[PDB]
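All remarks here apply to the structure that follows.
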There are 2 protein chains.
Amino acid sequence: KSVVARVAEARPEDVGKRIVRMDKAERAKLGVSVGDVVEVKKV
Amino acid sequence: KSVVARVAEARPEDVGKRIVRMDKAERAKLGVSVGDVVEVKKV
């Protein structure tokens with residue numbers, strides 16, 4: 001499965017880090033673990 | 001276009017919120033604004 005989510009601004013500490021933060025329930029839905037590579041696209 | 005990134009844990013204020021935090025570089029490359037809906041797919 002893939003997951004839909006709403007765009008929020010990154011906290012300033014995370015600037016330029018090439019990450020997406022997602023909580024454990026959304027990671028489980030996507031079947032990802034921390035550090036996995038995801039792809040993000042406009043709907 | 002696509003933003004490819006590494007999954008990281010949700011910040012504690014964001015647990016449950018169904019959001020994906022994205023810095024201005026990423027949001028610009030996607031062409032999305034805060035509150036816009038995106039799809040996250042595992043690679």
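Side chains are part of it too, since the values below use all heavy atoms of this structure and drop only hydrogens, waters and symmetry mates. Order of the sequence lines fixes the chain letters, A, B, ..., with proteins taken first and strands second; residue numbering starts at 1 for each chain.
Listed by chain and number, the hydrophobic cluster partners of A:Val34 come to none, as no ILVMFWY side chain reaches under 4.5 Å of it. B:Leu30 belongs to a hydrophobic cluster whose other members, connected by ILVMFWY side-chain contacts under 4.5 Å either directly or through intermediates, are A:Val3, A:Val7, A:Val20, A:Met22, A:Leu30, A:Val32, A:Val38, A:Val40, B:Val3, B:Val7, B:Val20, B:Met22, B:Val32, B:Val38, B:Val40. Grouping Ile, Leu, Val, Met, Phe, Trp and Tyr by side-chain contacts under 4.5 Å, direct or through others, puts A:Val37 with B:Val4, B:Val43.
Applying the side-chain hydrogen bond (donor to acceptor under 3.5 Å, both in side chains) criterion to A:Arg6, with sequence neighbours excluded, gives no partner residue. Not counting sequence neighbours, B:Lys24 has no partner by the salt bridge (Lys or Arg N to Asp or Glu O under 4.0 Å) test. The salt bridge (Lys or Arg N to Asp or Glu O under 4.0 Å) check on A:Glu39 picks up A:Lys41, with sequence neighbours excluded. With sequence neighbours left out, the salt bridge (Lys or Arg N to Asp or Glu O under 4.0 Å) criterion links A:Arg27 to no other residue.
Among pairs with a residue in residues 29-38 of chain A, those fulfilling side-chain hydrogen bond (donor to acceptor under 3.5 Å, both in side chains) read A:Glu26-A:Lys29, at least two apart in sequence or across chains.
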Which pairs of donor and acceptor atoms, one on a side chain in residues 9-19 of chain B, lie under 3.5 Å apart (sequence neighbours left out)?
residue	atom	partner	partner atom	Å
B:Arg11	NE	A:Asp14	OD2	3.0
B:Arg11	NH2	A:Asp14	OD1	2.9
B:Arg11	NH2	A:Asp14	OD2	3.1
B:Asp14	OD1	B:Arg21	NH2	3.0
B:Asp14	OD2	B:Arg21	NE	2.7
B:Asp14	OD2	B:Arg21	NH2	3.3

